[PDB]
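*Asks:* Quick check, what structure comes out for this input:
(6 chains, ligands or ions: 1)
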Amino acid sequence: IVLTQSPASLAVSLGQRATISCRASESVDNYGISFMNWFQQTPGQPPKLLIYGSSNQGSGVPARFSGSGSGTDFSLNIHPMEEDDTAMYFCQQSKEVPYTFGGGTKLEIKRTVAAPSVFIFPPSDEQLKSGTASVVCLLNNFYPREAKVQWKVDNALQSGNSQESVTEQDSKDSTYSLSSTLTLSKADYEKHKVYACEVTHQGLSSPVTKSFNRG
Amino acid sequence: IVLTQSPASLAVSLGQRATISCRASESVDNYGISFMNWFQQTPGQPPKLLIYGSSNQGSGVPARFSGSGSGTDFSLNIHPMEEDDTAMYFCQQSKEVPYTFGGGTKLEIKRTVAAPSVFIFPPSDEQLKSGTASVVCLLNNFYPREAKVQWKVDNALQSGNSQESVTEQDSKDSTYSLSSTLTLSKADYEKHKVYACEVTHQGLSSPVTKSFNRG
Amino acid sequence: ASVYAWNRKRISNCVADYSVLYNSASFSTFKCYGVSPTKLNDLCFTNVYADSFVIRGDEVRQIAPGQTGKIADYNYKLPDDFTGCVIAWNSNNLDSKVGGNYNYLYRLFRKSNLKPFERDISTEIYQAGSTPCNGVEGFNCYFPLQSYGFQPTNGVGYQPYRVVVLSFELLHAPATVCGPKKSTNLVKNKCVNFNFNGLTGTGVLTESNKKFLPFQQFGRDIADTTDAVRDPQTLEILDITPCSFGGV
Amino acid sequence: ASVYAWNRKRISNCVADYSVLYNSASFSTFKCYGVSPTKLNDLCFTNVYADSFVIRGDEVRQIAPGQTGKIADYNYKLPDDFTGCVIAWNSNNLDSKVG
Amino acid sequence: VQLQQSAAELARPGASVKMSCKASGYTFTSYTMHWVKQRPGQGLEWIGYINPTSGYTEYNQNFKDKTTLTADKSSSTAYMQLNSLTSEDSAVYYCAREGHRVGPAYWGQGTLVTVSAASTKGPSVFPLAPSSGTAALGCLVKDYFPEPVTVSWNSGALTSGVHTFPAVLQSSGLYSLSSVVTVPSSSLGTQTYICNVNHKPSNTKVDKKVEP
Amino acid sequence: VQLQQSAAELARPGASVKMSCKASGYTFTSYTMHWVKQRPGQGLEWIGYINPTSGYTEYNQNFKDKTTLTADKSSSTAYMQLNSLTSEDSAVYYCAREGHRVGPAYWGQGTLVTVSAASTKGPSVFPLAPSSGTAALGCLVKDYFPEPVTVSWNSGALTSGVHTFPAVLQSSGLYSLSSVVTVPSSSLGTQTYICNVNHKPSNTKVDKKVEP
Ligand SMILES: *[C@@H]1O[C@H](CO)[C@@H](O)[C@H](O)[C@H]1NC(C)=O
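*Replies:* Numbers count the residues shown, from 1 in each chain, chains lettered A, B, ... in the order given. Next comes the structure:
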């Protein structure tokens, strides 16, 4: 049985309905009861049972979480959205021996769109002494998660040379932070004059370019 | 009949459900109908009938107020609670001749915890010529009401010598205010140097001391 | 009108076409006892009553023969025979207003269950307890009427339903209300399938020498067999003789 | 008690007043089989059993003779004849807690 | 349906007080009239009910002895007589009409009965001067009787940030309360502030100037 | 009901690892124990379950060959053995107890299995200097193994605006993370900024100055 988990990326503000919908290839219904189950995983924590069966709630589960559905279609709803609900929600089947979990829905709270603070870090001198160069493009306090970073080395797009690290949603700020590291050899780094970062985001009316010459 | 009214002090924000529960020592239902009734009293006004019978609504009662229950237990719910619902709610039985009213529930609109602004005032000189000395401690713009005021005269705790007065909830700020007046004779007041007021409140991680020297 | 003062209209001297009733899907319940709705067109009724009122939805089931409940016990009772129909449709939009609709009333208290098709509009203060009321509302003295309190948001059960109960009288007596069912020319000496004003049989219709009085409309011989009938158009008398049957 | 371990009490050697059934307003279903609800004050019974339990509302229908479902089939089954009365009322306010 | 009562009766301990409830908007002869007691900031206690048509009075067990109820259909007026007034009887008594199968249904304003051996007196005002941003100041009115007291600042020109705490009775049986206000520290030396106190029973109008 | 697992086992490719799950709070002889696999930041794949009382093991088709499940009722401990470890096997394995008709119902913490050919290496920390409103600076930790590295500013004296991005595994098989902070432009002249990095596997505690 293959479980398809519609929307797996859901951003809803506090106090609003949030629906995660799991559809099964085959009927999970057997012996009359339903065997579709919902798990919650807080970052840094093991998965915890929320809904055993289609509707029955697990131990110590608030009334906010409600599971419904039958046959091949089920849904999990959290109307009184709270700060403690930011987690990863999985749908799982117990009808057949090979237990299959859903893709997983990452539920996060929503806030107003903010523009990214774009910063550029040239590599340190001692790094050039080590024969390596890493140039950093930084996006501070930007929402939503969607963001495009482009490295321009003397007006040339680079591909397969950048690594992006994104922090989780802040507990209070609720705004993301992104870092992009461009790694090159020292000889190759010293061969081009200008290094620029292109940031594309929903909060900007146009892509933002921040550049610096070598030295 | 003794009517016990659970929670009698409820804090709920605008648009949030508020449930006030009334239980009876004996059965209130008779002749197939229910006789428990819910009254509302705004400050400075006579109580008015909201719910006659278990569920029937009184004259000019909005649909927000819903009464339910039977047997020995009844409940009153206000799902879309509005700012004009800050009042006192009573439950009253009509099954037996001595009509009994519940303890009464004070409904107040909830807000975020605010730190108390704590002030002190020595007695006036004119009052001193009158032979009386009252030291006043003020707690301005704090929530909730739970706050302990202790008087330290030369590091000696006083009891049974201070009166605490609490104002009603502000219409706009929705923050309580408290005054603690400690009254002393002129001879007893003038025999000590340092007078302090210690305040304990939820918005304070530690109790705050406001102290002053006589002179 | 409210269920306690249910409004009765006496339908008489009309051609009633019930097709519009069961054809329309607006009606929620169309329960007919003693008659089939699809056959309502063919029948002719001695007299028709239409009792209309407004009830709560969950109490619609109480409008039926042999049913108990507050509405049945104290407000509106249907006889166990009840050759008729009950048509109830939801009217939440019409009968619910902003705030509350308290015009409609129903009788909580009555000393005894009311007789079938009885109406009690008396608002005398009911005496639940031992102490006589003498007309004052007190601890055990209550006004017998209670408002439904219809609000725009309510459950299907609590939403108002308008109910019309059509009581038919089906008998050999002269019929006023009839279905359309056209008409046909009369034939005398031939075995036919006559349908005089609801009566149905098979026999020849000879001229009758029997002297009918002006109020008489149909004749029965010994053993109560319909052997004479007055047609409703010509106002003439016809003797019915079943056409020949015999062994072979 | 729970429906699976339904609690039974024997009523015998006592005079029974059924007014509490007629006077109470809570009772939602008052269905009697083989006897009439109003005439219980004029009947003499050799022995009475008053079983009691808590059920889900949608399952109240299954407490009746000749009925099928989870409760009837596995929890509490009534005989086909069943001269007796079933009285069920909502207890949401008492049997529901926070959580 | 409107009911009118007497207003603010005060009596020394041991006295008796008669309150009148005037009915309007209905027959007054077909509805029993109930009387209910409410201690200030407390619950409601039902005193007792009377039938206007037949003077059959039924009282609560606690209030059977010290209370009596009369009715006069001639003027459409109900009456309560409280006898042997003591300190615990000081409260806001309410008159209600019976309706909707509720004993007390339609209530009318409310009559305050104050049992106290004290006498009318004038307020004594003392300035709570600011301590030497936003600072605080105010006045303290003490040793006045009875309620109420009217407190304003600069003849109503200072209404923002003013908090008038409810009065509390002292051991002597008199009333005291502090009326405070917060003002920016920039105006401490510039703007003169005065609290106006009005006590009608003593006819005392005092303006007190508060200064640092 | 709580379950205790092993802690963060690292193995070379082709090796085998044995992992222990210690039951607590229940009989351990009445509930089948399940084992589940979870890659970091990925989905869940149920590996397989063992019955403690009767040693009946049932495995997922993908994990049938490389996984062995054993149980010990005497010590109430289940064991999972992974053989022929590859890079695809580095994940967070979970132990679960049967309950509420769900295969995995009560999960226990989580054990990190890391399969790699690399070795314990010390982090190299480089200052990301501010460029010549709010300015930005930081430190970059590159080429360390294994995770994690604790990074702070002035030994925790600065917490506001400190973003420690998660580490990313490079093609070389090592980890790197950038810890950045935004500071007032005025603070560049006087305020001293130092980044403190701690790597317990290499036992390195290194502090670098970051200046414009
Ligand atoms: C009845 O009405 C029809 C149609 O108008 C007419 O032809 C017929 O003559 C009427 N009946 C009598 C007895 O006149």
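*Asks:* Could you pull out the helices in chain A for me?
*Replies:* Remark: helices assigned in chain A by DSSP state H are A:125-129, A:186-189.
*Asks:* tell me what the first one is packed against?
*Replies:* With contacts defined as 3 or more CB pairs under 8 Å, 6 or more residues apart in numbering or on different chains; DSSP states H and E, helix A:125-129 has these neighbours: strand F:124-128. Placement of C-beta: from N, CA and C, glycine included.
*Asks:* Spell out which strands sit alongside the strand it packs on in the sheet and which way each one runs.
*Replies:* strand F:134-144 (antiparallel) (DSSP bridges).
*Asks:* buried sites along the partner strand?
*Replies:* Along strand F:134-144, these residues count as buried under the neighbour rule (16 or more other CB atoms under 10 Å in any protein chain shown): F:135, F:136, F:137, F:138, F:139, F:140, F:141, F:142, F:143, F:144.
*Asks:* same deal with stretch A:94-114?
*Replies:* So for stretch A:94-114, counting by 16+ other CB under 10 Å, buried means A:94-95, A:99-102, A:104-111, A:114.
*Asks:* And those residues, which two are furthest apart?
*Replies:* Using CB to CB, the buried residues of stretch A:94-114 span at most 44.8 Å, a distance reached by A:95 and A:114.
*Asks:* any idea what sits nearest the residue in chain A that chain C sits nearest to, other than its immediate chain neighbours?
*Replies:* Taking CB to the nearest CB, chain C has its nearest neighbour within chain A at residue A:79, 18.3 Å off. Excluding its sequence neighbours, the residue lying closest to residue A:79 (CB to CB, 6 or more residues apart in numbering or on different chains) is residue A:17, at 5.0 Å.
*Asks:* So that neighbour sits against residue A:76, correct?
*Replies:* No - the criterion here is CB atoms under 8 Å, and residue A:17 misses it with residue A:76 at 11.0 Å.
*Asks:* need the contact list for the residue in chain C positioned nearest to chain A.
*Replies:* Chain C approaches chain A most closely through residue C:153 (18.3 Å), counting by CB to the nearest CB. Neighbour list for residue C:153: residue B:63 [criterion: CB atoms under 8 Å, 6 or more residues apart in numbering or on different chains].
*Asks:* Just read off the phi/psi values of residue C:93.
*Replies:* Per-residue torsions, residue C:93: phi -70, psi -40 (degrees, to the nearest 10).
*Asks:* Who are the contact partners of residue 99?
*Replies:* Picked chain A for this. By CB under 8 Å, 6+ apart, the neighbours of residue A:99 are A:92, A:93, F:34, F:46, F:103, F:104.
*Asks:* Please refer instead to chain C.
*Replies:* B:60, B:62, B:63, C:151.
*Asks:* Going by distance to chain F, which of the residues you listed wins?
*Replies:* Once CB to the nearest CB is applied, the member of the contacts of residue C:99 that ends up nearest chain F is residue B:63, at 39.7 Å.
*Asks:* Relative to chain A, how far out is that closest one?
*Replies:* The gap separating residue B:63 from chain A is 21 Å, by CB to the nearest CB, to the nearest Å.
*Asks:* any idea how far residue C:158 is from that residue?
*Replies:* 12 Å (CB to CB, to the nearest Å).
*Asks:* Quickly list what residue C:90 is bridged to.
*Replies:* If you apply DSSP bridges, the partners that residue C:90 bridges to are residue C:161.
*Asks:* That one: neighbouring residues, count only.
*Replies:* Residue C:90 has 18 neighbours, counted by other CB atoms under 10 Å in any protein chain shown.
*Asks:* Next: residue E:78.
*Replies:* Neighbours of residue E:78 using other CB under 10 Å come to 27.
*Asks:* which SSE is the one residue sitting closest to the centre of chain C in?
*Replies:* Nearest residue to the geometric centre of chain C (CA atoms, centre = their mean): residue C:167, 0.9 Å. Using DSSP states H and E, residue C:167 sits within strand C:160-169.
*Asks:* residues in contact with that strand?
*Replies:* Residues contacting strand C:160-169 (CB under 8 Å, 6+ apart): C:28, C:34-35, C:43, C:45-57, C:60, C:63, C:78, C:82-92, C:94-96, C:101, C:104, C:117, C:148, C:150.
*Asks:* Looking at those residues, which are in helices?
*Replies:* C:92, C:94, C:95.
*Asks:* These also near chain B: which ones?
*Replies:* Among the ones in helices among the contacts of strand C:160-169, no residue sits close to chain B (CB under 8 Å from any CB of the partner chain).
*Asks:* Buried ones from those residues, can you make that a ChimeraX selection?
*Replies:* Of those, the buried ones can be selected in ChimeraX as follows, counting by 16+ other CB under 10 Å:
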select /C:92,95
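*Asks:* any idea how far the nearest residue to residue E:138 once chain neighbours are set aside is from residue F:163?
*Replies:* Spatial nearest neighbour of residue E:138, excluding adjacent residues (CB to CB, 6+ apart): residue E:180 at 3.3 Å. The gap separating residue E:180 from residue F:163 is 46 Å, by CB to CB.
*Asks:* Which strand in chain E has the most residues?
*Replies:* strand E:102-115 (DSSP state E).
*Asks:* outside of stretch C:219-236, which residues touch it?
*Replies:* C:183, C:186, C:194, C:196-197, C:199, C:201, C:208, C:210, C:212, C:216-218, C:237-241.
*Asks:* how does it look with 7 Å?
*Replies:* C:186, C:196-197, C:199, C:208, C:210, C:212, C:217-218, C:237-240 (CB atoms under 7 Å, 6 or more residues apart in numbering or on different chains).
*Asks:* Over to stretch A:78-88?
*Replies:* With CB under 7 Å, 6+ apart, stretch A:78-88 has contacts from A:12-18, A:40-42, A:64-65, A:104-109, A:169.
*Asks:* From these, which land in strands?
*Replies:* Filtering the contacts of stretch A:78-88 for strands - DSSP E - leaves A:12, A:40, A:41, A:65, A:105, A:106, A:107, A:108, A:109.
*Asks:* Contacts only, for the third one.
*Replies:* Listed by CB under 7 Å, 6+ apart, the contact partners of residue A:41 are A:47, A:87, A:88, A:90.
*Asks:* residues near the first one, how many?
*Replies:* The local packing of residue A:47 (other CB under 10 Å) involves 24 other residues.
*Asks:* Could you pull up the residues touching it?
*Replies:* Counting by CB under 7 Å, 6+ apart, residue A:47 has contacts A:39, A:40, A:41, A:90, F:107.
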